[PDB]
Every structure is written in C-alpha cells, then in structure tokens.
C-alpha cells in the first residue's frame, strides 16, 4: 500500500448495510482496500454488494448478529479465512440507540445496548488481534460519538457505552503498540444517516436534533463520506505516528459552548 492509499490492504467493517458503515466501506474500497462487512440482514447485504461491485470494489459480506458472542467468533473465522489470516483494518462501527431516560431503561434495554455497542466492539477487537498482528501493519478504528464525552438528551446509557469504548481505545494503543497495531477512535457529531431520519420522525427528537445542528460551526449535518474520510486517513501508512487518539468529525460541535 502507498503513502496515501490502501491499495492491497484487507479490511473488516461492521454494520455496513447503511449509514456511516456504508460510507466507510465505499471509501476504503475505493482507495484500494479489499473489504468484508456484515449486517443482520442478508437481502440488504446482497443489494449492497450489487451496488458496490458495479463500481469495481472488491467486497464480500455476510449476515452476523453482533449481540451473539458465538456468532461473533464465527464471523472472525470466516473473515480470517477470506483474507488468509491477514487483516490490516478493523473498523468497529456497528451500534444501536435506545431513546429513553436513564431511569427508564429495562435490564433488557441495557443488556442489549452494552453488548452491541461495547462488548461486541471489544470482543471482535480481541479476536482480530492475531490476524491484525500477522498483517505486520494492523489498524483498529472505533466509531465513538460526541455523546461519549458530553451530555445529550436520551443518550446516558448510549453515551456510557461509547465512553467505555473511548478508554479501551487509549489503552489498547499502548497494549498493542509492540504488535504493530495503531488504535484510534473517530467520534461523529451528527451525520445524515438512517438512524437520524428515524429519530426526526419524533417531533421531540427532531427538536433535540435541530439544537445540535444549530450548535455546530458549520450549522449542518455531516455526510457519511465526510466521516468515512477520517477513518480512511487513519489507515493510510501516512498516519504512522497517530495512535490512541479520539478525533471528532462534528463540524465544530465539540468546541462549542455559547455560540
């Protein structure tokens, strides 16, 4: 792979059937990377591959439910073989939201979200490790969130799962340093995905969301591709010295206080 491209690198992106995941798969594939993705639905995954492959992308995908530990270890075996035991990139993007107050969560809501958003990202992380090592040049990216560092309505537990993700990141950077793996986190602000439109369906979630956009410097939502670009760059060999960092692609949201 060259300094500013991933020509020839193998990558695994979770939750790539839509949104940011879908933008990350396209961005990486278009820069030379060979990709593997997964979602909980096959028909959807297949329609994705149809579009992706008409563009000459090298991509493969398969149905996986990241809340199922056993299914997670199945996916790694499958990807490991697909790439012949060499994986350069692991992009932990899969995530789910549950819009409730902290005191309104059920043990089911909490157990579900902590296993898909954190545990799963952590588990695949550890599973991919030996394959990331054998790549001689591994890279791990976690898709965090601004809500993992600041209070946002209805995202206390959701924010808790990302805040834990952010820390695993910093540590893993030092723990896998000698293994040639660089670990970084990318925190999206507000990106126009399917998760957002489903949100705005609510006349209150819609009101909460227009408050966030009005709090950006750019005063608008990002695009999956503007976000996927940060992820892509971190994997280029030109970012050899960047590790253990949580970078936000939020149009300025993070830096704002009274604007």
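Residue numbers count along the first chain shown, from 1.
Participant: Tell me whether residue 205 turns out to be unmodelled in at least a third of the other entries of this protein, restricted to those that model residues on both sides.
Facilitator: No, modelled in all of them.
Participant: Quick one: across the other PDB entries of this protein we compared, is residue 196 left without coordinates in at least a third of them?
Facilitator: Affirmative; at least a third of those entries omit residue 196.
Participant: When the Cα temperature factors in the entry are averaged, is it 29-37 or 207-215 that ends up higher?
Facilitator: Higher mean C-alpha B-factor: 207-215.
Participant: Got a sec? Mean C-alpha B-factor, which is higher, 5-13 or 233-241?
Facilitator: Looking at the record's C-alpha B-factors, the answer is 5-13.
Participant: Which is it among 148, 185, 153, 189: the one with the largest CA B-factor in the entry?
Facilitator: The listed residue with the largest C-alpha B-factor is 153.
Participant: Say you rank 100, 178, 129, 170 by Cα B-factor from the PDB entry; which sits at the top?
Facilitator: Largest recorded C-alpha B-factor: 178.
Participant: Sorting by Cα B-factor within the chain, modelled residues only, which third would residue 53 end up in: lowest, middle or highest?
Facilitator: For residue 53, whose C-alpha B-factor we compare with every modelled residue in the chain, the answer is the lowest third.
Participant: Is the Cα B-factor recorded for residue 87 in the lowest, middle or highest third of its chain?
Facilitator: Middle third - that is where residue 87 ends up once the chain's C-alpha B-factors are sorted.
Participant: Using the temperature factors of the C-alpha atoms in this entry, rank residue 71 within its chain: lowest, middle or highest third.
Facilitator: Middle third of the chain for residue 71's C-alpha B-factor.
Participant: Split into thirds by Cα B-factor across the chain's modelled residues, where does residue 160 land: lowest, middle or highest?
Facilitator: Ranked within chain, residue 160 CA B lands in the lowest tercile.
Participant: Quick one: classify residue 125 as lowest, middle or highest third of the chain based on its Cα B-factor.
Facilitator: Lowest third.
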